[PDB]
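Colleague: Quick one: structure below, then a few questions.
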Amino acid sequence: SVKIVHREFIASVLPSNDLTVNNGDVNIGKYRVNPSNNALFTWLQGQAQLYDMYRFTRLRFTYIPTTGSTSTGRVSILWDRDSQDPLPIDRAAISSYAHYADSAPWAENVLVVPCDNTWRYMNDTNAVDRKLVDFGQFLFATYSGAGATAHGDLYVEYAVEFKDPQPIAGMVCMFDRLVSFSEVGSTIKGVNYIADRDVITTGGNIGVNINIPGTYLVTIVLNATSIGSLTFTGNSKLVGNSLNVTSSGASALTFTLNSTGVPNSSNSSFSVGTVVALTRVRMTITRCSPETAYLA
Amino acid sequence: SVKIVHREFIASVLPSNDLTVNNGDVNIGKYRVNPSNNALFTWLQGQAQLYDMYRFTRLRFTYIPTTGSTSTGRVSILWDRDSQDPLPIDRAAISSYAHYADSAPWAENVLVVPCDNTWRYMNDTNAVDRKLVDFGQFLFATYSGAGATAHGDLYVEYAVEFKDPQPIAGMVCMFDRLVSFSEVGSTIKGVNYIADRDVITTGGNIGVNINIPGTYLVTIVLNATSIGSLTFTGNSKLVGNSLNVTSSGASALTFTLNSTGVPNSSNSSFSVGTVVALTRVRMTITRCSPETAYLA
Amino acid sequence: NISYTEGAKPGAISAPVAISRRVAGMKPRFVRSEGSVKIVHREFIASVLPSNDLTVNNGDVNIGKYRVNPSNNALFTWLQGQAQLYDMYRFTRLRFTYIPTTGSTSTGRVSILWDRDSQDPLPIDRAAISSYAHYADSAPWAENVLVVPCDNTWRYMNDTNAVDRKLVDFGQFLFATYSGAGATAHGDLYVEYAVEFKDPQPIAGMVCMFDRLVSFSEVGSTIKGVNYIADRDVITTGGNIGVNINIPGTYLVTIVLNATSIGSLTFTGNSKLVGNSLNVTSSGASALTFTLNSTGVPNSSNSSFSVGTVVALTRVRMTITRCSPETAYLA
Amino acid sequence: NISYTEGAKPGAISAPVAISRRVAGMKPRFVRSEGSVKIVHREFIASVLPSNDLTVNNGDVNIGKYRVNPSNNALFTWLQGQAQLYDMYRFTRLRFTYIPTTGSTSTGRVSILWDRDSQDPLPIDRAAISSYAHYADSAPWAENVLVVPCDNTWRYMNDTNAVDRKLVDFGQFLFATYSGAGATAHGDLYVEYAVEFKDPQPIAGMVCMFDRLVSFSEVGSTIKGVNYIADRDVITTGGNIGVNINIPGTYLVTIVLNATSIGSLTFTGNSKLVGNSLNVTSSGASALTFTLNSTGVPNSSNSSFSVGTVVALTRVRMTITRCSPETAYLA
Amino acid sequence: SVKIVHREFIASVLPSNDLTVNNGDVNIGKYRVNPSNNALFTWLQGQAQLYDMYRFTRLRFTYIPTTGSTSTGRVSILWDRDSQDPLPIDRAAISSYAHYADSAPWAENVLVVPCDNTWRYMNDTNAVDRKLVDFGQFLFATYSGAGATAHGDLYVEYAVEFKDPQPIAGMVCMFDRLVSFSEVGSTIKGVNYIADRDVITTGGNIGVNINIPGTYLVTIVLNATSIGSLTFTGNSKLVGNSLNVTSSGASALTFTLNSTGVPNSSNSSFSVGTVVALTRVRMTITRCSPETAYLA
Amino acid sequence: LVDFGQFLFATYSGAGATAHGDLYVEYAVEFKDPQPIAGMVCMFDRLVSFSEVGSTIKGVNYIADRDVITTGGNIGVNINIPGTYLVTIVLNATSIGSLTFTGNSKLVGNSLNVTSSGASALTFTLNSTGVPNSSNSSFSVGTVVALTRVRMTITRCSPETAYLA
Ligand SMILES: [Ca+2]
Ligand SMILES: [Ca+2]
Ligand SMILES: [Ca+2]
Ligand SMILES: [Ca+2]
Ligand SMILES: [Ca+2]
Ligand SMILES: [Ca+2]
Ligand SMILES: [Ca+2]
């Protein structure tokens with residue numbers, strides 16, 4: 001048994017007047033506590049890919065403000081033992097989790113989750129009853145805030161044991177959408193950096209949203225008559241140079257970007273514009289360091 | 001502090017009549033014992049990337065035959081505590097080393113290295129005096145043999161301590177050659193899947209050799225008027241679909257392959273043929289699993 | 001008898017032309033248990049076929065083919081029968097044994113592996129097969145053994161087709177091989193076990209039922225009962241239907257096709273028809289029943305049985321049952 | 001593990017396909033001595049190459065190639081370094097060990113011999129090789145050993161090129177072979193020794209200096225320092241110069257030729273150039289420096305390095321030093 | 001952690017000559033032992049809704065006659081640890097089970113189930129492999145009997161642990177059928193008071209069967225040109241006043257009823273007659289007390 | 001990180017031609033791991049066309065960069081460690097003048113010189129007292145034209161191995 005201790009950043013809490021959970025993302029179990037869930041474990045996943053089974057020994061969630069002391073609102077950090085339970089919508093519900101922590105947006109907060117003795121399977125083999133392979137799910141909620149200045153950040157801190165060395169699961173994610181067939185839906189394999197809704201292919205534009213902090217290598221291949229410009233207008237900056245190959249019928253772009261992880265609903269992490277007759281999107285995303293950025 | 005134990009495959013030993021060290025690879029650190037060195041630690045690097053320092057507690061190299069009893073010659077396994085020392089050139093020199101073992105190609109063999117108490121740094125890629133950051137270097141040799149079929153496989157088994165969680169070093173390798181300047185030399189960053197001599201760029205051909213066993217994701221962007229065919233006639237097989245975009249002046253290919261790791265001097269891991277006026281090669285290689293292969 | 005080897009000084013190693021070990025039948029032992037019964041027994045699995053490129057499980061692409069569950073007859077030819085009768089099981093001792101059946105002249109690697117997660121994908125590269133915690137590697141002409149340390153979790157025999165198999169299986173056995181040559185196998189694989197059964201129950205059933213709405217998609221299906229086949233084993237495309245029973249033994253098949261017309265029933269791969277095949281074709285629907293013997297070794301291009309020249313295939317419903325050849329249809 | 005051999009009654013002999021023995025590194029032991037130090041150690045010598053006709057020392061014609069003297073790196077790759085430091089030596093234990101590296105299918109004779117006179121000519125016939133007092137014969141696929149009983153005479157390391165070597169060497173090791181076939185070696189030769197060193201001294205020097213007045217004769221020379229080459233190893237005839245370094249390892253060479261003109265420097269035999277070769281040609285004199293790696297196995301027709309198309313060769317002066325490849329010249 | 005002990009009524013056993021399991025209900029999980037399952041835990045569900053996980057410590061099923069000594073046949077009580085296993089079809093199969101008991105209809109009987117140490121999840125309604133979230137299933141059977149008057153009543157007595165307070169799952173059931181699409185099938189959410197087959201929607205009638213004993217509050221909204229009468233000719237009686245609003249195109253009825261729980265194949269718990277062009281049925285059922293009945 | 005510090009000695013307010021006294025080192029030293037002989041050769045390489053200063057030095061450290069002077073039509077090599085050394089020096093330069101031994105070293109036996117247009121080579125073995133000299137190198141090459149490159153090889157050795165006349 002291999003014993004790992006670490007702390008890592010998850011996501012920033014955006015202000016909201018009405019009660020919103022997980023910055024408005026409606027996916028149940030988005031932050032399921034399974035080390036292969038890169039949306040929660042931005043760092044652990046790198047080590048998780050090498051082992052079959054995991055057991056948390058200590059687990060705590062912290063909230064640290066980045067806003068001023070006159071910001072209004074509630075930040076609630078929560079853990080639900082069942083990673084398949086629906087997201088709460090009401091103010092009674094979010095306060096009723098056994099494992100809760102509440103604070104003003106300008107106050108630090110901590111949530112300790114008492115761990116159990118059960119080993120669980122790490123590997124994502126698209127388990128259907130996820131609750132049986134996750135140690136619950138983390139979630140956050142917020143209300144009574146105003147503006148777009150993020151309140152603060154969320155971190156996870158833990159002790160985990162890992163059990164069986166195995167062939168590496170990898171840090172690659174690949175996305176495939178047949179736009180011919182529909183502008184929504186896709187096949188996604190490997191690491192869950194993006195879900196379906198994170199890739200927008202409509203009205204002559206492609207937006208991809210990497211809403212998990214980090215530096216990533218992307219290579220995207222478009223089946224399209226022609227494409228316009230690659231732009232970085234949202235949560236990510238291009239790191240080093242972007243390699244672009246355009247032809248009639250297909251094009252390919254590769255580059256390393258640096259994402260904040262903070263979701264932007266009007267501007268994607270990167271977009272490609274003026275795309276004519278888009279048939280297919282095939283793409284590969286991989287968490288990495290900035291050292292492997294392409295050169296000028 | 002974080003204690004890892006594992007056994008992993010290194011390389012298959014090709015037969016040779018004349019003495020051949022490290023399957024003919026000439027480079028001095030090839031198998032420096034440092035967890036970053038993916039040529040030696042085919043599996044461990046995936047964990048090494050997350051930590052600052054290491055210390056080996058137990059370390060042994062194993063040889064298991066894959067050849068027949070009628071195969072002639074010997075396979076030598078060898079450890080030098082100075083990772084910068086030159087490779088030995090004649091068989092007698094091998095016997096001068098304190099830590100070596102030598103056997104028939106048809107016999108299992110083992111070499112136990114006595115470990116010390118000193119911590120050393122995970123990244124050695126900046127470092128100049130690499131002996132101070134490596135726990136020596138492993139070498140293998142063979143002589144008095146014949147045939148194309150490999151004698152047997154080498155493995156490393158160890159118990160190692162890692163010390164400090166860090167930002168991930170990443171599992172990607174970035175290669176860059178300005179072929180217009182010269183058909184040799186390059187900037188390589190990230191993990192050492194390849195070295196300069198592994199990318200052949202001449203006579204209207206491009207061949208790249210991934211002589212480290214595993215499954216990889218690659219993206220090559222080519223600055224060239226036109227290119228011909230992508231072929232896999234060496235130690236690697238295409239996994240899933242290859243995505244190829246060709247234009248006048250530039251081409252991009254992206255695909256995941258499965259390498260046997262064993263070097264082939266006639267056929268590269270992948271080749272691209274009939275290449276006209278190659279000015280620049282920029283490429284990205286990342287160890288992964290086959291689950292993220294591109295679809296047809 | 002031991003012989004002296006010519007030209008060896010004391011303590012030398014030698015390679016003989018071939019190594020072997022006699023295997024003898026041993027009736028199962030029945031032992032004291034927390035549950036109903038503990039069985040200590042030993043069963044033959046398969047023979048490792050040679051291949052140059054790395055292949056796992058003699059080329060069977062089905063994940064978890066040798067999942068460790070008493071109801072899986074791919075791993076337990078006899079224990080399957082015993083599994084029928086109980087609800088839950090626990091392995092107490094588990095080991096896999098390799099006996100070479102080839103001379104010391106044969107090249108290659110034979111790897112015997114166990115993956116704690118029975119739903120994990122099959123490995124394809126040399127780094128992967130070497131990286132399993134529970135591994136055992138040898139030349140194909142050498143003996144080998146892999147001991148899997150058991151836990152004390154009870155699991156259900158999956159007789160209700162659990163979707164997350166990993167939670168009902170005790171991992172999966174798998175074997176891999178590379179750099180081999182020739183037509184004949186390298187050696188034989190055995191499983192040796194001690195297994196407890198918990199709760200007596202009505203017989204689970206020996207039948208497998210497969211149902212695909214081809215009109216919806218040429219891929220995907222509902223499979224209930226014993227898992228003799230997986231989805232990918234039934235090919236329905238391009239005017240052909242191919243069914244791959246890649247587990248050895250004798251099977252009764254009834255296949256009912258919703259399709260305008262069908263051509264010939266062929267047995268052109270790993271199976272042979274036993275006795276007579278009963279075929280009824282009409283406009284819009286066809287039915288075939290027959291019993292076959294399958295070697296269970298997977299074939300890329302020729303299914304266990306195929307139905308050719310099939311027109312507007314809308315639906316496949318089929319029933320597959322392990323049985324005796326005695327029960328074959330008459331001429 | 002010991003196995004039973006099929007079809008043998010008790011006390012039979014068997015031939016396996018191949019015999020081997022693991023060799024492991026063992027650091028030298030240092031022991032009490034009448035002199036400064038006694039070293040107990042073990043070194044690899046060479047691999048016996050197969051030949052149909054009787055050949056000694058893998059075809060090296062140099063008498064006393066494996067003369068027993070610590071300063072002879074043809075026999076002691078490591079002890080040479082140690083010899084540098086002392087005046088005199090005495091071998092206490094000496095044995096030569098043969099490990100086969102070929103199958104029991106291989107034909108031939110391997111003879112390991114020791115001749116008390118290190119200047120005696122090499123034998124060429126089967127009667128001769130069999131007639132040495134200190135001999136050991138085997139099939140090439142069998143293990144063998146030759147124990148040389150030592151005396152207690154101290155000798156000088158010959159670091160001043162003694163002309164009557166026999167009086168400074170403890171005889172010569174040599175090996176012979178015949179009726180073999182194929183490209184690959186029969187087996188490996190090791191020396192195992194206990195040796196005393198007497199008198200500490202300034203390092204003897206690692207350099208060999210060769211000088212031939214070709215204008216006097218195409219044969220003969222002055223050689224001072226380490227004996228990496230003998231006279232016959234430097235060929236100067238017919239517009240060619242060939243230098244044969246028939247002892248393995250890495251060597252720095254500087255060769256200065258008194259000759260009107262020279263052609264190409266070629267590496268066409270047992271050696272490879274390391275890094276860059278530095279060549280300076282003028283009318284009447286040429287100079288080349290480079291460092292090479294030599295396999296040390298003698299070649300009849302292709303020297304370690306050659307200089308072609310050389311005109312009116314008057315003089316060869318050359319310097320050869322065993323060294324590290326690290327020290328090669330840059331491009 | 002929270003330790004509950006209770007005894008509660010499950011169902012009355014109707015006589016039958018042929019073998020009849022679970023009073024003729026065909027569904028495989030009917031009495032899965034999971035505190036959410038209100039068909040088995042008529043009382044406990046009201047608490048189960050507030051917690052994430054359960055573990056039974058003691059568990060026994062009791063049968064107390066309500067019939068006469070001259071009633072023929074037998075009543076079988078039965079526990080399968082696999083809650084997904086099919087119902088037995090013949091009497092001999094019942095005897096194959098390890099945990100069953102069988103007696104005269106006029107005799108008290110008990111079946112003690114030995115509990116295990118494993119915690120399982122309270123919600124099983126998402127879960128696919130329900131055996132992993134249920135502690136088996138209870139079944140009852142009867143045969144060799146006759147008459148309309150029930151043989152006796154079944155009860156469950158247990159000591160159970162609950163683990164984590166959560167947002168309430170609620171005590172309401174929501175039923176929805178698009179009858180214009182089909183007269184069968186439906187979306188049912190919340191507590192399992194009813195299953196699809198319990199709402200009959202055909203021949204100008206609507207019947208709904210609440211075959212779980214208790215008092216309920218219902219609201220049915222009907223999409224239909226016109227409706228006739230609300231009747232209570234089955235296992236339920238109106239409590240207080242029924243509130244009926246009829247219009248052209250839509251109707252709403254709301255009332256609280258008192259169900260005996262015993263199924264009736266001729267008369268539903270409540271029926272609405274002479275229903276013209278029913279397109280849609282949407283309904284809400286909530287266990288409650290009679291104190292909240294509507295007034296005249 | 002590979003040395004156990006450095007010995008050094010200093011002196012002042014002395015007079016006369018003769019030495020003050022002698023320095024000895026007395027030690028007990030352990031050696032760990034047997035290996036193939038490291039090599040006795042030093043290889044020096046300077047791209048003079050790049051800069052008159054800096055170099056690549058591999059092998060035994062008999063000289064440091066500053067010990068090889070390449071400036072103003074002169075090359076000076078200072079072997080400031082005592083003993084006997086084999087030297088081969090190959091100069092990329094249009095022409096060169098005389099080889100002089102005018103400082104701390106003496107030529108042993110004969111010096112072998114080969115000059116051509118664009119390249120020169122010298123081999124010889126010297127004895128050096130190793131005492132540093134400010135103005136006169138161990139050996140010098142004079143009147144050198146368009147010096148582009150110095151590649152040289154220096155090896156501690158025996159005087160027995162000197163070249164013959
Ligand atoms: Ca919850
Ligand atoms: Ca695994
Ligand atoms: Ca069952
Ligand atoms: Ca059952
Ligand atoms: Ca001497
Ligand atoms: Ca002396
Ligand atoms: Ca060394």
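Ordering of the structure tokens sets the chain letters (A, B, ...), residue numbers begin anew at 1 in every chain, and ligands are numbered from 1 in the order given.
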Would you list the contacts of residue 218 (chain B) as a ChimeraX atom specification, taking every protein, DNA or RNA residue within 12 Å and counting only C-alpha atoms, but skipping same-chain residues closer than 5 positions in sequence?
Modeller: /A:172,217-219,254,284-286 /B:172-175,193,208-210,238-239,242-244,252-259,269-270,282-288,292-294
Colleague: Where in region 65-200 of chain B does DSSP assign alpha helix (DSSP H), given as a PDB file with C-alpha atoms, in the first residue's frame?
Modeller:
```pdb
ATOM      1  CA  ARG B  91      34.063  -7.464 -23.115  1.00  0.00           C
ATOM      2  CA  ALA B  92      36.994  -7.521 -20.680  1.00  0.00           C
ATOM      3  CA  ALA B  93      36.160  -3.984 -19.460  1.00  0.00           C
ATOM      4  CA  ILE B  94      32.680  -5.151 -18.469  1.00  0.00           C
TER       5      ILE B  94
END
```
Colleague: Kindly work out which residues sit at most 6 Å from ligand 3, using only C-alpha atoms and all ligand atoms, and give the list as number ranges by chain.
Modeller: C: 87, 159; E: 82, 85
Colleague: Got a sec to check which residues lie within 9 Å of ligand 6, using only C-alpha atoms and all ligand atoms, and send them as a count of residues only?
Modeller: 10
Colleague: Give the residue list for ligand 7 at 12 Å, counting only C-alpha atoms and all ligand atoms, as JSON, numbers by chain, sorted by chain and then by residue number.
Modeller: {"B": [28, 78, 79, 80, 81, 82, 83, 84, 85, 86, 87, 88, 93, 94, 95, 96, 97, 98, 99, 100, 131, 136, 137, 138, 139], "D": [324], "F": [32, 33, 34, 35, 36, 37, 38, 39]}
Colleague: Set out as JSON lines a contact list for chain E and ligand 1 with a cut-off of 10 Å, giving each residue of chain E that qualifies its closest atom pair and distance in Å to one decimal, counting only C-alpha atoms and all ligand atoms, ordered by chain and rising residue number.
Modeller:
```
{"residue": "E:49", "atom": "CA", "partner": "ligand 1", "partner_atom_place_in_ligand_line": "1 (Ca)", "distance": 9.6}
{"residue": "E:50", "atom": "CA", "partner": "ligand 1", "partner_atom_place_in_ligand_line": "1 (Ca)", "distance": 8.4}
{"residue": "E:51", "atom": "CA", "partner": "ligand 1", "partner_atom_place_in_ligand_line": "1 (Ca)", "distance": 6.9}
{"residue": "E:52", "atom": "CA", "partner": "ligand 1", "partner_atom_place_in_ligand_line": "1 (Ca)", "distance": 5.2}
{"residue": "E:53", "atom": "CA", "partner": "ligand 1", "partner_atom_place_in_ligand_line": "1 (Ca)", "distance": 8.8}
{"residue": "E:121", "atom": "CA", "partner": "ligand 1", "partner_atom_place_in_ligand_line": "1 (Ca)", "distance": 9.5}
{"residue": "E:122", "atom": "CA", "partner": "ligand 1", "partner_atom_place_in_ligand_line": "1 (Ca)", "distance": 9.0}
{"residue": "E:123", "atom": "CA", "partner": "ligand 1", "partner_atom_place_in_ligand_line": "1 (Ca)", "distance": 8.9}
{"residue": "E:164", "atom": "CA", "partner": "ligand 1", "partner_atom_place_in_ligand_line": "1 (Ca)", "distance": 7.3}
{"residue": "E:165", "atom": "CA", "partner": "ligand 1", "partner_atom_place_in_ligand_line": "1 (Ca)", "distance": 7.2}
{"residue": "E:166", "atom": "CA", "partner": "ligand 1", "partner_atom_place_in_ligand_line": "1 (Ca)", "distance": 4.6}
{"residue": "E:167", "atom": "CA", "partner": "ligand 1", "partner_atom_place_in_ligand_line": "1 (Ca)", "distance": 6.4}
{"residue": "E:168", "atom": "CA", "partner": "ligand 1", "partner_atom_place_in_ligand_line": "1 (Ca)", "distance": 8.5}
{"residue": "E:169", "atom": "CA", "partner": "ligand 1", "partner_atom_place_in_ligand_line": "1 (Ca)", "distance": 8.8}
```
Colleague: Go ahead and save the residues from that selection, with C-alpha atoms, as a short mmCIF file (atom, residue, chain, number, x, y, z; two decimals), in the first residue's frame.
Modeller:
```cif
data_model
loop_
_atom_site.label_atom_id
_atom_site.label_comp_id
_atom_site.auth_asym_id
_atom_site.auth_seq_id
_atom_site.Cartn_x
_atom_site.Cartn_y
_atom_site.Cartn_z
CA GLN E 49 -35.66 9.84 3.49
CA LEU E 50 -33.39 11.85 5.83
CA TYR E 51 -30.30 9.63 5.71
CA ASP E 52 -27.74 8.32 3.23
CA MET E 53 -26.95 4.78 4.32
CA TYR E 121 -26.90 3.19 0.20
CA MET E 122 -30.40 4.42 1.07
CA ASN E 123 -31.35 5.47 -2.46
CA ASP E 164 -25.67 10.35 7.31
CA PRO E 165 -28.25 13.11 7.63
CA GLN E 166 -29.04 14.49 4.18
CA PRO E 167 -31.53 16.81 2.44
CA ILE E 168 -34.88 15.04 2.64
CA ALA E 169 -35.76 12.68 -0.21
#
```
Colleague: For residue 237 (chain C), find every residue with an atom within 9 Å (counting only C-alpha atoms), except residues of its own chain fewer than 4 positions away, and show them as a VMD selection string.
Modeller: chain C and resid 214 218 241 to 242 313
Colleague: For residue 49 (chain F), please output as a PyMOL selection string all residues within 10 Å (counting only C-alpha atoms; exclusion window: fewer than 2 positions along the same chain).
Modeller: chain F and resi 46-47+51-52+92+146-150
Colleague: Neighbouring residues of residue 65 (chain F) were defined as those with any atom within 12 Å, considering only C-alpha atoms; residues of the same chain fewer than 6 positions away were excluded. Please report them as a PyMOL selection string.
Modeller: chain F and resi 43-46+52-58+76-79+150
Colleague: Restrict the selected residues to C-alpha atoms and save them as a PDB file, in the first residue's frame.
Modeller:
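Written output follows (out.pdb):
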```
ATOM      1  CA  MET F  43      42.197  16.737 -24.346  1.00  0.00           C
ATOM      2  CA  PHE F  44      42.043  20.486 -24.926  1.00  0.00           C
ATOM      3  CA  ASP F  45      40.038  22.187 -27.662  1.00  0.00           C
ATOM      4  CA  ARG F  46      39.659  25.914 -28.321  1.00  0.00           C
ATOM      5  CA  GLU F  52      40.860  33.722 -27.683  1.00  0.00           C
ATOM      6  CA  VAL F  53      39.677  32.530 -24.275  1.00  0.00           C
ATOM      7  CA  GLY F  54      37.496  29.579 -23.147  1.00  0.00           C
ATOM      8  CA  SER F  55      37.764  25.951 -24.273  1.00  0.00           C
ATOM      9  CA  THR F  56      36.567  22.389 -23.898  1.00  0.00           C
ATOM     10  CA  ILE F  57      38.768  20.281 -21.615  1.00  0.00           C
ATOM     11  CA  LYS F  58      38.073  16.563 -21.176  1.00  0.00           C
ATOM     12  CA  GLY F  76      51.718  29.344 -25.239  1.00  0.00           C
ATOM     13  CA  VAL F  77      50.914  26.231 -23.248  1.00  0.00           C
ATOM     14  CA  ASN F  78      51.624  26.103 -19.542  1.00  0.00           C
ATOM     15  CA  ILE F  79      51.866  22.701 -17.916  1.00  0.00           C
ATOM     16  CA  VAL F 150      43.744  24.577 -31.170  1.00  0.00           C
TER      17      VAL F 150
END
```
Colleague: Do you know which residues are at most 9 Å from residue 297 (chain C) counting only C-alpha atoms, after dropping those on the same chain fewer than 6 positions away, and could you put them as a list in words?
Modeller: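 These residues fall inside the cut-off: residues 58, 59, 60, 245, 246, 247, 248 and 270 of chain C.
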Colleague: Hey, can you spit out that residue selection with C-alpha atoms as a PDB file, in the first residue's frame?
Modeller:
```pdb
ATOM      1  CA  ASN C  58      -5.465 -16.032 -27.551  1.00  0.00           C
ATOM      2  CA  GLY C  59      -6.839 -12.994 -29.337  1.00  0.00           C
ATOM      3  CA  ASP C  60     -10.213 -12.725 -27.571  1.00  0.00           C
ATOM      4  CA  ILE C 245     -18.987 -18.380 -29.248  1.00  0.00           C
ATOM      5  CA  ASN C 246     -15.443 -17.921 -28.031  1.00  0.00           C
ATOM      6  CA  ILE C 247     -15.653 -20.191 -25.020  1.00  0.00           C
ATOM      7  CA  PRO C 248     -15.105 -23.903 -25.622  1.00  0.00           C
ATOM      8  CA  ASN C 270     -14.117 -22.290 -34.585  1.00  0.00           C
TER       9      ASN C 270
END
```
Colleague: At most 10 Å is the cut-off: for each residue in chain C with any atom that close to an atom of ligand 2, write down the nearest atom pair and the distance in Å rounded to one decimal, counting only C-alpha atoms and all ligand atoms, chain first then increasing number, as a tab-separated table.
Modeller:
```
residue	atom	partner	partner_atom_place_in_ligand_line	distance
C:114	CA	ligand 2	1 (Ca)	8.3
C:115	CA	ligand 2	1 (Ca)	4.9
C:116	CA	ligand 2	1 (Ca)	6.2
C:117	CA	ligand 2	1 (Ca)	5.6
C:118	CA	ligand 2	1 (Ca)	8.0
C:119	CA	ligand 2	1 (Ca)	8.5
C:120	CA	ligand 2	1 (Ca)	5.6
C:121	CA	ligand 2	1 (Ca)	7.9
C:122	CA	ligand 2	1 (Ca)	9.0
C:123	CA	ligand 2	1 (Ca)	9.2
C:128	CA	ligand 2	1 (Ca)	9.7
C:131	CA	ligand 2	1 (Ca)	9.3
C:132	CA	ligand 2	1 (Ca)	6.9
C:133	CA	ligand 2	1 (Ca)	8.6
C:134	CA	ligand 2	1 (Ca)	9.7
C:171	CA	ligand 2	1 (Ca)	8.8
C:172	CA	ligand 2	1 (Ca)	9.2
```
